[PDB]
Amino acid sequence: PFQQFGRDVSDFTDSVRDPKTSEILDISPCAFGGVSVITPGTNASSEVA
Amino acid sequence: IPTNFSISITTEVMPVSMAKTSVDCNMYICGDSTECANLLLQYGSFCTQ
(Lines give C-alpha, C1' and ligand atoms only; values in the text may rest on other atoms or scores of the structure.)
Protein backbone atom coordinates (compact mmCIF):
# COMPACT_ATOMS: atom_id res chain seq x y z
CA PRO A 1 0.00 0.00 0.00
CA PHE A 2 2.81 2.47 0.73
CA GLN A 3 4.79 1.52 -2.39
CA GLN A 4 3.94 3.49 -5.54
CA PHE A 5 6.71 3.00 -8.12
CA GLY A 6 8.77 -0.03 -9.05
CA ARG A 7 12.22 -0.22 -10.65
CA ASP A 8 14.60 -2.97 -11.75
CA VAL A 9 18.30 -3.65 -11.15
CA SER A 10 19.12 -1.34 -14.08
CA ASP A 11 17.05 1.46 -12.46
CA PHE A 12 14.35 1.15 -15.13
CA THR A 13 10.68 1.48 -14.19
CA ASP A 14 9.23 -2.02 -14.66
CA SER A 15 5.84 -1.55 -12.96
CA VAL A 16 3.93 1.22 -11.20
CA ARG A 17 0.58 1.39 -9.43
CA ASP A 18 -2.18 3.03 -11.43
CA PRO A 19 -2.84 6.54 -10.05
CA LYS A 20 -6.60 6.50 -10.69
CA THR A 21 -9.06 3.75 -9.77
CA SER A 22 -8.54 0.08 -10.71
CA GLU A 23 -4.94 -0.06 -9.51
CA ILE A 24 -3.16 -2.61 -11.73
CA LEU A 25 0.33 -3.06 -13.13
CA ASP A 26 1.92 -1.11 -15.96
CA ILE A 27 4.41 -0.96 -18.85
CA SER A 28 6.28 -3.98 -20.20
CA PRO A 29 9.03 -3.61 -22.83
CA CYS A 30 8.20 -3.68 -26.53
CA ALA A 31 9.71 -5.45 -29.52
CA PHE A 32 13.11 -4.29 -30.76
CA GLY A 33 16.39 -5.60 -32.13
CA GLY A 34 18.62 -5.68 -35.19
CA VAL A 35 17.02 -6.80 -38.43
CA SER A 36 19.28 -9.14 -40.41
CA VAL A 37 19.17 -9.56 -44.20
CA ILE A 38 19.36 -13.02 -45.79
CA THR A 39 20.45 -12.87 -49.44
CA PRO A 40 21.12 -16.05 -51.48
CA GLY A 41 23.30 -14.06 -53.90
CA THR A 42 22.99 -11.13 -56.29
CA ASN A 43 24.31 -13.14 -59.25
CA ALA A 44 21.93 -15.99 -58.40
CA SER A 45 18.64 -14.06 -58.22
CA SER A 46 17.03 -10.95 -56.72
CA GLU A 47 14.94 -12.54 -53.95
CA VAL A 48 15.73 -11.64 -50.35
CA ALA A 49 14.53 -12.58 -46.87
CA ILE B 1 60.93 -52.85 -15.08
CA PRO B 2 57.18 -52.79 -14.34
CA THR B 3 55.48 -56.14 -13.80
CA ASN B 4 51.78 -55.24 -14.20
CA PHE B 5 49.56 -52.57 -15.76
CA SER B 6 46.87 -50.14 -14.61
CA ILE B 7 44.25 -48.87 -17.07
CA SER B 8 43.46 -45.36 -15.83
CA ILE B 9 41.09 -42.74 -17.24
CA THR B 10 41.60 -38.99 -16.79
CA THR B 11 39.31 -36.06 -17.56
CA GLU B 12 40.08 -32.72 -19.20
CA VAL B 13 37.56 -29.87 -19.49
CA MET B 14 38.32 -27.26 -22.17
CA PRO B 15 35.94 -24.46 -23.22
CA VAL B 16 35.28 -24.18 -26.95
CA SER B 17 32.49 -21.60 -26.91
CA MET B 18 31.19 -18.72 -24.80
CA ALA B 19 27.94 -16.80 -24.34
CA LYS B 20 26.86 -15.31 -27.68
CA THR B 21 25.80 -11.85 -26.50
CA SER B 22 24.22 -9.09 -28.59
CA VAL B 23 23.76 -5.57 -27.20
CA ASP B 24 21.73 -3.02 -29.16
CA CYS B 25 23.47 0.30 -28.53
CA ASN B 26 20.40 2.13 -29.88
CA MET B 27 18.39 0.79 -26.91
CA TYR B 28 21.19 0.61 -24.33
CA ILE B 29 22.04 4.27 -24.95
CA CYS B 30 19.16 6.65 -25.77
CA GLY B 31 16.37 4.13 -25.24
CA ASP B 32 13.40 6.06 -26.62
CA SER B 33 14.39 9.76 -26.67
CA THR B 34 14.60 11.38 -30.09
CA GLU B 35 16.96 14.24 -29.20
CA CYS B 36 19.20 11.72 -27.43
CA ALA B 37 19.47 9.70 -30.65
CA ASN B 38 20.07 12.88 -32.65
CA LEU B 39 22.96 13.77 -30.33
CA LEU B 40 24.30 10.20 -30.46
CA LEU B 41 24.35 10.23 -34.28
CA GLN B 42 26.75 13.20 -34.08
CA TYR B 43 29.43 11.08 -32.38
CA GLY B 44 29.66 8.87 -35.48
CA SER B 45 28.96 5.25 -36.32
CA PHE B 46 30.23 3.70 -33.09
CA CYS B 47 27.09 1.60 -32.67
CA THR B 48 27.53 0.09 -36.14
CA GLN B 49 31.14 -0.83 -35.35
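Residues numbered from 1 in each chain as written, not as in the entry; some residues may be left out. Chains lettered and ligands numbered in written order. Part of a larger assembly, values for the part shown. Heavy atoms only, no water.

For chain B, the PDB entry supplies the name Spike glycoprotein and the organism Severe acute respiratory syndrome coronavirus 2.

Named according to the PDB entry, chain A is Spike glycoprotein originating from Severe acute respiratory syndrome coronavirus 2.

Turning to the overall build of chain A, a few remarks are in order. Scanning chain A from terminus to terminus reveals 0 helices and 2 strands. Overall, chain A is about 65 × 25 × 10 Å in size when its C-alpha atoms are taken along their principal axes. Taking contacts inside chain A between residues at least 6 apart in sequence as the whole, the part at least 24 apart equals 0%. As displayed, chain A offers around 4900 Å² of accessible surface, 58% of which is attributable to carbon and sulfur atoms. (Helix = DSSP H or I, 4+ residues; strand = E, 2+ residues; numbered from the N terminus. Contact = heavy atoms within 4.5 Å. Areas by Shrake-Rupley, 256 points an atom, 1.4 Å probe, with all protein chains shown as cover.)

We now examine the state of the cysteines. Think of a disulfide as a covalent bridge from one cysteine sulfur atom to another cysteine sulfur atom. Residues and elements named next belong to chain B. A complete count under the given rule lists 2 disulfides over all chains for this structure. In this model, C25 is linked to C47 through a disulfide, with the two sulfur atoms separated by 2.0 Å. Disulfide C25-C47: torsion about the S-S bond near 85 degrees, hence right-handed. Linking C25 in helix α1 (residues 25-28) with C47 in the segment after α2 (34-40), this pair joins segments that are 22 residues apart in sequence. With relative accessibility at 22%, the residue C25 sits in the partly exposed group. For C47, a relative accessible area of 40% puts it in the partly exposed group. The disulfide that involves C30 links it to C36, with 2.0 Å between the sulfurs. Residues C30 and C36 are joined by a disulfide whose S-S torsion is about -65 degrees; by sign, that bridge is left-handed. Given a relative accessible area of 13%, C30 falls into the buried group. Exposure remark for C36: the relative accessible area of 28% places this residue in the partly exposed category. (Disulfide = S-S within 2.5 Å. Buried < 20%, exposed > 50% of the residue type's maximum accessible area, 1.4 Å probe, protein only.)

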